[PDB]
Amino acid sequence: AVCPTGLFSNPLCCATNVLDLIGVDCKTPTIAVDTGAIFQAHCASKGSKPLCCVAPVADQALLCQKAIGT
């Protein structure tokens, strides 16, 4: 799993990480993401940051944490 269990369990690709706490303009990955490296590269291909967020759907703004090692 590319995100931790619990609250911040959903991988999204978000345009901006605000305050290391919020994802803005969050897109669902268009592929299965198997590893941190794939998650990072996939979100970068969409001009976005790999974040682990409180909900799994596309959204304007969500509480998120950065993917580990980023």
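Each residue number is its position in the shown sequence, starting from 1. Under this definition, the rigid core comprises the largest set of C-alpha atoms superposing within 1.5 Å between the forms.
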> Comparing 59-67 with 3-11, which has C-alphas lying farther from the shown form in 4 other deposited structures of this protein once the core is aligned?
Replying inline: 59-67
>> Please say which third, lowest, middle or highest, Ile68 falls into when its CA temperature factor is compared across its chain.
In response: highest
> Taking the entry's C-alpha B-factors for this chain, is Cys26 in the lowest, middle or highest third?
Replying inline: lowest
> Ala37: which third of its chain by C-alpha temperature factor?
Replying inline: middle
> Among the chain's modelled residues, which third holds the C-alpha B-factor of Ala55?
Replying inline: middle
>> Please place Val18 in the lowest, middle or highest third of its chain according to the CA B-factor in the PDB entry.
In response: highest
